[PDB]
Each structure stands twice: as structure tokens, then as C-alpha cells.
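> Need coordinates for the below:
(6 chains, ligands or ions: 76)
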Amino acid sequence: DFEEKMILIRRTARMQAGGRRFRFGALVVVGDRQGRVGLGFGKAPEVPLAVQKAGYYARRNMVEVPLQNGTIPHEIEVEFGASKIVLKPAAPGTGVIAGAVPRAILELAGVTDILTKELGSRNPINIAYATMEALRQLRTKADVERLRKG
Amino acid sequence: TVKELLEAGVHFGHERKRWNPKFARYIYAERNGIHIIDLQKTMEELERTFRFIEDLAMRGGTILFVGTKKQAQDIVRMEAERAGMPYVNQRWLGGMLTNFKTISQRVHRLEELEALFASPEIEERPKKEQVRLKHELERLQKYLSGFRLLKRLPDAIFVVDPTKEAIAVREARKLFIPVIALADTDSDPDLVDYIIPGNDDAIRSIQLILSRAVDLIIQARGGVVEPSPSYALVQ
Amino acid sequence: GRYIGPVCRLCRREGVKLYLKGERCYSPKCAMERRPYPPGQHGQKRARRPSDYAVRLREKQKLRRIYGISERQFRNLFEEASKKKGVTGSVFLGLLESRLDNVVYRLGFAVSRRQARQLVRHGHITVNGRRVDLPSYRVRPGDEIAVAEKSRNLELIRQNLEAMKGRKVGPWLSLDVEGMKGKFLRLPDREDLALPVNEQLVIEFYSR
Amino acid sequence: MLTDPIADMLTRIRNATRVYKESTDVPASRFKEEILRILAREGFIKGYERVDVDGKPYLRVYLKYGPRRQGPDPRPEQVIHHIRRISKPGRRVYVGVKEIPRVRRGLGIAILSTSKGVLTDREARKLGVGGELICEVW
RNA sequence: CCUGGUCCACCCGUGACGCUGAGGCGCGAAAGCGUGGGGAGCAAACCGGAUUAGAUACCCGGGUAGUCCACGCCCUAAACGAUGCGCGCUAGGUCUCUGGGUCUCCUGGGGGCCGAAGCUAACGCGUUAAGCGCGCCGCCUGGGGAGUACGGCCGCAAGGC
RNA sequence: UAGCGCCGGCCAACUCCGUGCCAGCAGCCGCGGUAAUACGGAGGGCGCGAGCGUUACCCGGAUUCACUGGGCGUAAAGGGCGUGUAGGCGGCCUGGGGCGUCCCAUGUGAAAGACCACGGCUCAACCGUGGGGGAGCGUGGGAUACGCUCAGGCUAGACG
Ligand SMILES: [K+]
Ligand SMILES: [K+]
Ligand SMILES: [K+]
Ligand SMILES: [K+]
Ligand SMILES: [K+]
Ligand SMILES: [K+]
Ligand SMILES: [K+]
Ligand SMILES: [Mg+2]
Ligand SMILES: [Mg+2]
Ligand SMILES: [Mg+2]
Ligand SMILES: [Mg+2]
Ligand SMILES: [Mg+2]
Ligand SMILES: [Mg+2]
Ligand SMILES: [Mg+2]
Ligand SMILES: [Mg+2]
Ligand SMILES: [Mg+2]
Ligand SMILES: [Mg+2]
Ligand SMILES: [Mg+2]
Ligand SMILES: [Mg+2]
Ligand SMILES: [Mg+2]
Ligand SMILES: [Mg+2]
Ligand SMILES: [Mg+2]
Ligand SMILES: [Mg+2]
Ligand SMILES: [Mg+2]
Ligand SMILES: [Mg+2]
Ligand SMILES: [Mg+2]
Ligand SMILES: [Mg+2]
Ligand SMILES: [Mg+2]
Ligand SMILES: [Mg+2]
Ligand SMILES: [Mg+2]
Ligand SMILES: [Mg+2]
Ligand SMILES: [Mg+2]
Ligand SMILES: [Mg+2]
Ligand SMILES: [Mg+2]
Ligand SMILES: [Mg+2]
Ligand SMILES: [Mg+2]
Ligand SMILES: [Mg+2]
Ligand SMILES: [Mg+2]
Ligand SMILES: [Mg+2]
Ligand SMILES: [Mg+2]
Ligand SMILES: [Mg+2]
Ligand SMILES: [Mg+2]
Ligand SMILES: [Mg+2]
Ligand SMILES: [Mg+2]
Ligand SMILES: [Mg+2]
Ligand SMILES: [Mg+2]
Ligand SMILES: [Mg+2]
Ligand SMILES: [Mg+2]
Ligand SMILES: [Mg+2]
Ligand SMILES: [Mg+2]
Ligand SMILES: [Mg+2]
Ligand SMILES: [Mg+2]
Ligand SMILES: [Mg+2]
Ligand SMILES: [Mg+2]
Ligand SMILES: [Mg+2]
Ligand SMILES: [Mg+2]
Ligand SMILES: [Mg+2]
Ligand SMILES: [Mg+2]
Ligand SMILES: [Mg+2]
Ligand SMILES: [Mg+2]
Ligand SMILES: [Mg+2]
Ligand SMILES: [Mg+2]
Ligand SMILES: [Mg+2]
Ligand SMILES: [Mg+2]
Ligand SMILES: [Mg+2]
Ligand SMILES: [Mg+2]
Ligand SMILES: [Mg+2]
Ligand SMILES: [Mg+2]
Ligand SMILES: [Mg+2]
Ligand SMILES: [Mg+2]
Ligand SMILES: [Mg+2]
Ligand SMILES: [Mg+2]
Ligand SMILES: [Mg+2]
Ligand SMILES: [Mg+2]
Ligand SMILES: [Mg+2]
Ligand SMILES: [Zn+2]
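Numbering: from 1, shown residues only, chains lettered A, B, ... in the order given. Ligands and ions are numbered 1, 2, ... in the order given. You can find the structure just below:
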């Protein structure tokens, strides 16, 4: 019902008297490839617990993507922190052209052909959040005319 | 439902300072360095607010009453002790809604200790526990008095001062729970879904609004109840 | 070069049963029926979660090793398809299926694609009457691929076209068994091919 | 003084909509009024009207917003998500008819000043003339 | 005594006369240079006493240039809000300086703090913007080498650009 | 005839033995001082294949000279300050001109190459034919919103 794929897994460390103590953080995307995505970042003392927790958080934070023939309706440009994401629709037969993080996010959303570009900071966390906010800032012609009814 | 001219003491707001500019639309003017609420817009919002209350009530929905201002404690403790809407009186514990499961576990412990003091198991496991669990049940009834009635998440919340109880408001926004609130000049109206622009300090405003609200609730579910015995709490 | 060497080791490494010998990949002797793990000393060991580049490279290698085409001609065909108008993947598959050796294999003249390559290279195959000995030759819709009249008495062709009695051919192909010939009707659609390959992964592999 | 009255009006609209104001007053000018006509025609504003401040004429632009949203931040969706001046003083932008941009793949507008008046991207493309690319709004 | 800037009220006059500004020109703390004067206190260098393993220092007793004045040079700085100038727009609360007014208060200019939206990598900024815009000038393009070398200009020199 | 590189991460491919901060590897991070998937050899594997690697150089990634497309409180970066020359920029209304701007027609834009279609060497590389283009500039005509200029007017900027 729901497909799940992790973006990256890292091991952070705090300092305590006697040595460093580790804590694992993991990004997880979940999607049905129908137009719904979810992104979660889980932290746990061990890796599998962190992956499961990131999956829970990703299912809790969902985004409805307005797909139009497997591509995006209009080009977007999002600044999350110092990271920038540039999304642009593409004609079918092109394929998802993106870095690992946006490729995974958009593929789990049900996108087949799109042109992206990461700018500024390449940080996978900020890039993931920028792509999520980009998909959250998408509008359709129906929504546009819905706003301009008056 | 006839509170048109009987609103004696509600138009009084806070001072010139300690206000929120977002409330400027609901203010009539300033008399002697005190903001006074617009009397017309008060009932203008009361129509829609009480209509939502009636709709949610006749559907069988549960409303959580929240009051900690020390001026609405003894009123909320009985206006919600009428028709079975729960309430929170002493203080709003962080996570009552977002972490509702753990607080429901606390409620489980509450009724567990209530079952212990009903069973003959009070005397075994000597007096040390008979004092510890006594004080524990005491504080659990102190905090979870009205909260014990919630089996699931509430369908709406009622706040007396959205500035003093801003944490409950935030948690309601997080879970898409409608926020009915008695707002004053020191509150942000945007966070309140259904606003009641009145006074949150005077006891008469709170008694009037909450009494009429509970009366409307019981009127929506039939069986009109006698006037609330909260007048004697004027003191 | 054509990679010439062991084949069913690719049946193993690619993880999906390939048909590079024709027969014996259908019989319980493919070594994929009895040894599904990849080759080498470290074939039975627990595999690690492969990278995205690993997935795309292995998918493209599967698609390439299916046809037995060198990386040069493969990349050239891919770029040629990307230059054309239309879906890159389906056009690429129609180009690969248009190769003369692959058409010979599809028409049942040879049991495997490499046997078809040897049949073409040795002039046993004619196109519209004229003998053609180029496996990279592109068949156009309407061309009649026939067997050389001087080769129709060979034992291998007798066997192959004796087993093709009753068998069906692809929707984009027709076959005259008595005359030992066939016709390339049209370019095959993606639905027409039963290839165990995701073409979008190969497009993304060359997108790098 | 104002170095770019048109960009000043666009910035007034931007800053006013960002705080969810009711209306905003811009110093009146025929160019600004012909732009506001396109704004109201496309639906980015409820409309405009000439008014008078203490001694001088102004234009009250009545802004437009979406419905109040749920969850945190109930502030409604902005009708004018983005409005940017393009042909600024000191670097003026002129485009031919074949050089007119398609804003947001059709969902946006590009206000052009052409010899046949102030038009939109589709309006100028239908008329077949280009000119000064005033701004983009979407 | 001579003189600059600036703010408010009246809505009186001119009628876009405006903004910025490469060069140029002028100003430019302290220290330093020249000539002359002055020299109480302080005080580089220096003369000593201590301290220290040593003490070319901190501590103590002296002490010259200098600090001071006139005139002429020197052009540097953590010359700092580490934030160029101007204009417009965008919640407020509080403290304060200074005008005006129907002087609980309102209004205008200046100096502070807390904070809406928003911005920022964060700290934090937030009608005194680091927000939203526009105009113009200056400057940046990894660290060391190096603000060094060469060249030029300026300076009596130290040296500066 | 089958060879060449690679197998620590970037980056696809792992074990044994030898060596012991030695001998050496290395594009960057880095590896080796006793049990090295990084050195050397072996077995095996991965990538290409009549080639495979290395070096040099160019563009790319590089939004790292940022027109599209960057910045200057603390990361490199606001000039010590002012006055002001050239220059850049210019509030509201009307009119004339049509320089910028825009439009139509026309000329030019050789061929080859590039793009598309068909065709000739068995395919291809290669080649032929045909088609399509195209910024810029010249000419004729037209448009006047904005920028420009000239003439007049206004007082919200500025000055008094
Ligand atoms: K942003
Ligand atoms: K002297
Ligand atoms: K400086
Ligand atoms: K006064
Ligand atoms: K050795
Ligand atoms: K080795
Ligand atoms: K350009
Ligand atoms: Mg949507
Ligand atoms: Mg940034
Ligand atoms: Mg960077
Ligand atoms: Mg294609
Ligand atoms: Mg293409
Ligand atoms: Mg042109
Ligand atoms: Mg397009
Ligand atoms: Mg259409
Ligand atoms: Mg006057
Ligand atoms: Mg006059
Ligand atoms: Mg000046
Ligand atoms: Mg100067
Ligand atoms: Mg000086
Ligand atoms: Mg001095
Ligand atoms: Mg002297
Ligand atoms: Mg002297
Ligand atoms: Mg002394
Ligand atoms: Mg001394
Ligand atoms: Mg001494
Ligand atoms: Mg010592
Ligand atoms: Mg001694
Ligand atoms: Mg001297
Ligand atoms: Mg300072
Ligand atoms: Mg400064
Ligand atoms: Mg400033
Ligand atoms: Mg002030
Ligand atoms: Mg602050
Ligand atoms: Mg904020
Ligand atoms: Mg903070
Ligand atoms: Mg400012
Ligand atoms: Mg260097
Ligand atoms: Mg240096
Ligand atoms: Mg340097
Ligand atoms: Mg120096
Ligand atoms: Mg020199
Ligand atoms: Mg000299
Ligand atoms: Mg010296
Ligand atoms: Mg020097
Ligand atoms: Mg690997
Ligand atoms: Mg090596
Ligand atoms: Mg190199
Ligand atoms: Mg050994
Ligand atoms: Mg060993
Ligand atoms: Mg090894
Ligand atoms: Mg080998
Ligand atoms: Mg080579
Ligand atoms: Mg390079
Ligand atoms: Mg570049
Ligand atoms: Mg680029
Ligand atoms: Mg560089
Ligand atoms: Mg730029
Ligand atoms: Mg930068
Ligand atoms: Mg700095
Ligand atoms: Mg400065
Ligand atoms: Mg001039
Ligand atoms: Mg000038
Ligand atoms: Mg003008
Ligand atoms: Mg001019
Ligand atoms: Mg005119
Ligand atoms: Mg002209
Ligand atoms: Mg040509
Ligand atoms: Mg040609
Ligand atoms: Mg041909
Ligand atoms: Mg042409
Ligand atoms: Mg002409
Ligand atoms: Mg005309
Ligand atoms: Mg004039
Ligand atoms: Mg004046
Ligand atoms: Zn096989």
C-alpha cells in the first residue's frame, strides 16, 4: 500500500565525561506513487529504531502532489535555509533527472519525468525539506481559478 | 439565548497596553485608558459561534473546557460538570492532546488506584503504600478531575483565556481541532476559529457566557436544564 | 569482441534467468535453475544494500547483455534514440528489436541471438532477396527476411524451422515456414516486449 | 522622490498582502491605473478606485485573499503569491512578440507595455506586438 | 564675540530646481617630523631597587623626547553600529531627549530596550531593518607568501596610497 | 589473436598469503609500525574490449566573476568622513516629434557543416538530393504604452 525508502543514515555524537556517545539519524520517504508523499527524520540510539521512527514521522507528515501526466504543473524555486531547489516540468519520455534526495522524493510521489537542480547548499536534509515545501507550494489551474473567483 | 442587553460587564477590556493589534477590529473605542469591546460585533460573532456550538452539540460531539485563570476555575469545574463535556481546571499539562495516549495511561492508573481503594487490598502491603498511593490518587484527582471523561480526542475545545492557555490552543491547531475561545484584547484572534470577544477577568462575564453556552448545549440535546447553580459563586 | 565467453554466468549475475544459449536455459541445466546466486567465491554471501548507481548499472547491463551488443553500439543507439522525437525508452527498444540478428532470433530461424549472429555473418540470411551479412543491419517495416536458397538444405535450419511448426511469432512479425521466410510488419510496442528490464532505469543511468 | 513609481506600487501591494491588509493607497498615476486594470481583470485584486488623501489623489487597491486554512498558521493562501518588477530604471527590458515569457506555464501573467497599450502576455501575443516587460505576477 | 548645522509651527513663496557620485578638493584621534616657545603632573628610551632559575618585564624610586601652545607637515586605526548614501512601504509595547497642540493624551524629530510579519547558517535583526523594493558609488572571489617585492605618486624623514 | 584497467569511500567489484610507518600506494579523503578487502603476489570478481590505461590541454560539474545566476554585522568583502565634477538614475498632467522600443513587407544571411526527410556504397562511418531554417544589418511603410527629446502646465520631492 505504501512504499518506503530511506534517503541517508548518519551517526551523530555527543560528548560525555569518559567518551563520545552516538545517536543515529535517518531520513525516510514514503509514497504511494499516486500523488501523496511523506518525509520523516527519526533519531534513535540504534539504526533500525531510527528507520522505523522516521517512517512513522513520514507517514504523519503527508503532502498531496497535483500531478499532470506524470509531471509537475509549473516550475518552482524554493529556498530552504541556504539550500535551493529548482523544479521544472518535462515532457514524457524524459525521466526523473535529479539528485538522489529529490529523485527519491519525486519518484515516491508518482513523478516520471521532471527536471530539477539543487543550488546553494547541497545538504540532503535541507534539500529534502526544500523539495517537500516545493511540492507543498504546487497549484493547479483549477486551484488558481478557485482563488480568483471573487 | 437572550443575552442581548443583559451583557453587563463584558464590554470592559484590558488596559491601553498589554493588547494585541489584531483585536482592533473588535474594539469600539477607548474610555479612560481601557479598551472597550464593540457591542455589535460581539453578538455578530456570537451568532456564528453559538450556531457551531449547537450544531456540534446536537450531533453528540464532546467539547473540552479549559480554564486556569483562577477567576474561572470554580465556574468551569461545574459548568462542565453539567452535561458530560470534560474539563481541565488546575493546569493544562503539556501533551494532553498531542500525547493523549500517555495521559490516558495516567487516567488508567487513576481508575486503577480507585479500584484499589474500593477493593479490600487497601490494608495489605503496609501503610507506606497506603500513604503514597493516597497522595498519588489525591493529585491525580486534582489534575485529571474532568480530563478522565475523555476516551478519545475531543471534537472541540473551549478556552477562557487563549493567551493564558496558549499551549492548549497550539495543540488544538496541531491536531486540526476547532478552538472556541472567549477572547479579550490581549489575545490573537487569528488562532481562534470561533471567537467570543468578551472579558476574561470579570467573574460575571465568564459566568454569563459559560452558563448560556451550557444551557444551549443541553437545549440542543433536549431536556432543558434548570439555571446553573454558579451564581452563588459570585461571592 | 561481443564479450565472447561464458553466458549462463550472466544468467546468474543478473539475478534474472536470461536466454543466451536458446535451449538449455529452458531445460533444468541453465545453472540458474539450480544456482540462482551470483558467480564467484563471494556469490553465496549476504549481499549488501546496493546503491542507486548499482541498480541502474545492473539494469542497463541486463538490457545490453540480453541482446549481446557492445557498449559502443549500445551507447550510439541510445543517443540516436534520444535525438529522435518520442519516448526515448520505447524508441530505443524498437531500435534494438530492429537489428537483423535479433529479427532472425525472433522469427525462430535461430534458437539464440548469438546463433543468429553467426547465421547472418555467414551470409545464410537474405533481406528482400539480397544477401546481408551484418547483424547491426536495421530492418525496416515491410522488409522480407528470408533464408538463403543455398542454405535451406542445411541441418540446423531444417531443425529450427521443423520445431517452428505450430509456434506463434510476435505481433509485429509474420512467418512463412514452408518458404522459410518472414516479414517485419511494424516496430514493436513496449507492450509487445516481455523484457524483464526497466527502461527508465537505463535512461536515468545515461542521464548521469 | 520615488526612483521607480511602478515598482513602488508593486512593493506596496506585496507588503500589504503579506500582512493581510484590507486595502492599500498608492500615489495615483495613469500608468499605475492602467496596470491595476489588468490586475483587477485577471483577478489578483478585488479592484481599485481613485480616492483623495489630504490634498492629493491616490488609488485604493482592495486586495484579495483565499479562504482561512486549518491546522497551524490559519492565515489564508495569498492570491498574489509573487509579484516582481522586471524592466527597472537603469536596466530596461524590451522583448519581441516571439520573446514574450509564459509565466508559470500559463498560470501566471506578464504585464507588457506595448505600442497598442498595456496588455498581458496572452493579450499581447494575441495582438502580436511586444514591448517593455513591466513585471511578472503569479 | 564671531560662526556652522539642525528641529518644530504657519501652508506664505519658487515650481522637479532632485538622488548618488569615478576623479578633484577639504577635513581627519593618538603617535611621529620641522621651527620657535613652554615644561606643573605624567611619562617611551634610559639610570637604579626588587622579583626571578634568568627578568633586557609585570612591582618600586628617578627620569629625556613627548604630552601643552603657535605655524607648517604627516593621512594611519578595533577611523566600529566590524552595518555606504537617499527615498518609499511593512504590528505594536515601554524608557528617554526635544519641540508643537484640543497638554488623561495626540502629533513631529532624535537616542535605547522588548518584540508582529518577514529575514538570517546561526547568533540575532526587526519603522534607527540585517525586512520588502528602487537608484548610485565602494569593495569581495580559498589560506600562507603579503599589505611583502617591483613600478609610480605623495612625504623633510618615519613612511603612506 | 585477447588484452588493459580497476576491486577502502566518492565508485561496480573480496578473500588468502607475504610484508611490519619497512618495501610501497595515492585524483581527493587517506592506507602500512603483526594477524592491511587500500602495499606486493595469488585466487576470484567488476568495467571496457582491438583496444585499455596514463599524462597534457579545453569546456563541464562551477550558481566558483553569478546578464540569465552571487555577495559584503560576526565567514574573503562598505571607502575614515564630507563637499562635489563627469557619468548613471528621474514626481504628476497635456501636446508635438518617432531616437530607443515594437510590428509588416522586402533584400541580405555563399557553399560545406549543423537539423529533418528520402536515397547510394550489403549496414554503418562516409556521401548525394530535397526541405526547413536563423540572430544581425539595409530599405519601404506603420504603431506611440514606456524610455528619449522639445513646448506648456501642476505642487505631493527639493529649496526658500
Ligand atoms: K525563504
Ligand atoms: K626641546
Ligand atoms: K574597514
Ligand atoms: K508639552
Ligand atoms: K622489505
Ligand atoms: K592489493
Ligand atoms: K543574455
Ligand atoms: Mg494540492
Ligand atoms: Mg541565503
Ligand atoms: Mg557552497
Ligand atoms: Mg527521445
Ligand atoms: Mg530529445
Ligand atoms: Mg531586434
Ligand atoms: Mg516549453
Ligand atoms: Mg489550451
Ligand atoms: Mg501653497
Ligand atoms: Mg504658481
Ligand atoms: Mg551628497
Ligand atoms: Mg571622493
Ligand atoms: Mg592625523
Ligand atoms: Mg599629535
Ligand atoms: Mg614637536
Ligand atoms: Mg621643541
Ligand atoms: Mg614620575
Ligand atoms: Mg616609573
Ligand atoms: Mg629595571
Ligand atoms: Mg620562574
Ligand atoms: Mg639574586
Ligand atoms: Mg626631538
Ligand atoms: Mg565600536
Ligand atoms: Mg563602518
Ligand atoms: Mg542604516
Ligand atoms: Mg521615534
Ligand atoms: Mg530584539
Ligand atoms: Mg517568526
Ligand atoms: Mg532566537
Ligand atoms: Mg531601511
Ligand atoms: Mg593563493
Ligand atoms: Mg594577508
Ligand atoms: Mg591573498
Ligand atoms: Mg601598514
Ligand atoms: Mg617602491
Ligand atoms: Mg621624495
Ligand atoms: Mg622604526
Ligand atoms: Mg608599508
Ligand atoms: Mg562498493
Ligand atoms: Mg594500485
Ligand atoms: Mg589528475
Ligand atoms: Mg606475518
Ligand atoms: Mg595479512
Ligand atoms: Mg588487497
Ligand atoms: Mg585475474
Ligand atoms: Mg585513449
Ligand atoms: Mg576542470
Ligand atoms: Mg559559469
Ligand atoms: Mg550552470
Ligand atoms: Mg576559481
Ligand atoms: Mg547579478
Ligand atoms: Mg557568495
Ligand atoms: Mg569581515
Ligand atoms: Mg563607515
Ligand atoms: Mg550630467
Ligand atoms: Mg550631474
Ligand atoms: Mg517620467
Ligand atoms: Mg536625462
Ligand atoms: Mg505623446
Ligand atoms: Mg523609430
Ligand atoms: Mg547554410
Ligand atoms: Mg545540405
Ligand atoms: Mg541505406
Ligand atoms: Mg527569416
Ligand atoms: Mg523603419
Ligand atoms: Mg502618433
Ligand atoms: Mg517644466
Ligand atoms: Mg520649509
Ligand atoms: Zn542460462
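
> make it CA atoms for all contacts and neighbour counts henceforth
Noted.

> Residue B:15 contacts residue B:32, doesn't it?
No - using CA atoms under 8 Å as the test, residue B:15 is too far from residue B:32 to be in contact (9.0 Å).

> more crowded one of those two?
residue B:15 (16 against 8; other CA atoms under 10 Å in any protein chain shown).

> which residues touch that one?
B:33-35 (CA atoms under 8 Å, 6 or more residues apart in numbering or on different chains).

> For it, give the beta-bridge partners.
Beta-bridge pairing for residue B:15 (DSSP bridges): residue B:34.

> With residue B:156 instead?
Bridge pairing for residue B:156 - DSSP bridges - gives residue B:63.

> Could you report the distance from it to chain D?
13 Å (CA to the nearest CA, to the nearest Å).

> hang on, that residue packs against residue B:66?
No - counting by CA under 8 Å, residue B:156 stays clear of residue B:66, with 10.9 Å between them.

> which helices and strands sit right next to the helix or strand residue C:105 falls within?
Residue C:105 is part of helix C:100-106, with elements assigned from DSSP states H and E. Where contact means 3 or more CA pairs under 8 Å, 6 or more residues apart in numbering or on different chains; DSSP states H and E, helix C:100-106 is packed against helix C:113-121.

> which neighbours does the very next helix or strand once past the helix it packs on have in its sheet, and in what orientation?
Downstream of helix C:113-121, the next assigned helix or strand under DSSP H and E is strand C:125-127. Note on strand C:125-127: by DSSP bridges, its sheet partners are strand C:130-131 (antiparallel), strand C:144-147 (antiparallel).

> Tell me the spacing between the residue nearest to the spatial centre of chain D and residue D:14.
Closest residue to the average C-alpha location of chain D: residue D:39 at 5.5 Å, with CA atoms, centre = their mean. For residue D:39, the distance to residue D:14 equals 13 Å [CA to CA, to the nearest Å].

> Quick check: chain neighbours aside, which residue is closest to residue B:186?
residue B:19 (4.2 Å; CA to CA, 6 or more residues apart in numbering or on different chains).

> repeat for residue C:74
Counting by CA to CA, 6+ apart, the residue nearest residue C:74 is residue C:64, at 7.1 Å.

> Check the secondary structure at that neighbour for me.
helix (DSSP: H, G, I helix; E, B strand; the rest coil).

> Next, count neighbours for it.
18.

> domain assignment for chain B?
Using curated CATH domains, the domains assigned to chain B come out as B:5-92+B:149-235, B:93-148.

> now, of these, which is deepest in the fold?
domain B:5-92+B:149-235 (a mean of 18; mean count of other CA atoms under 10 Å in any protein chain shown).

> gap between the two ends of that one?
Note: domain B:5-92+B:149-235 ends 24 Å apart using CA to CA.

> Next: stretch B:185-204.
OK, stretch B:185-204 end separation, CA to CA: 17 Å.

> And that stretch, how far out from the chain middle?
Stretch B:185-204 has its C-alpha centroid displaced from the chain centroid by 12 Å (CA atoms, centre = their mean, to the nearest Å).

> Are the helix holding residue C:105 and RNA strand F in contact anywhere?
No - for a cut-off given as CA under 7 Å from any atom of the strand, helix C:100-106 has no contacts with RNA strand F; the smallest distance is 9.2 Å.

> Could you pull out the buried residues of stretch D:26-35?
D:26-28, D:32-33, D:35 (16 or more other CA atoms under 10 Å in any protein chain shown).

> beta partners for residue A:115?
Beta-bridge partners of residue A:115, as defined by DSSP bridges: residue A:88, residue A:97.

> burial count for it?
With other CA under 10 Å as criterion, residue A:115 counts 19.

> and the residue of chain A nearest chain B?
residue A:60 (11.2 Å; CA to the nearest CA).

> That residue: neighbour count?
12.

> Could you report the distance from it to residue A:53?
Distance from residue A:60 to residue A:53, by CA to CA: 11 Å.

> before we move on, what about residue D:68?
On the measure of CA to CA, residue D:68 and residue A:53 end up 32 Å apart.

> Those two: who's more crowded?
residue A:53 (21 against 12).

> which ones are touching that one?
Residue A:53 touches A:41-44, counting by CA under 8 Å, 6+ apart.

> any idea which of the contacts of residue B:15 is closest to residue A:7?
residue B:35 (54.4 Å; CA to CA).

> how far away is that closest one from residue B:162?
18 Å.

> quick one: stretch C:37-55 near RNA strand F?
Yes - interface with RNA strand F: stretch C:37-55 contributes C:39-42, C:50-51, C:53-54 (CA under 7 Å from any atom of the strand).
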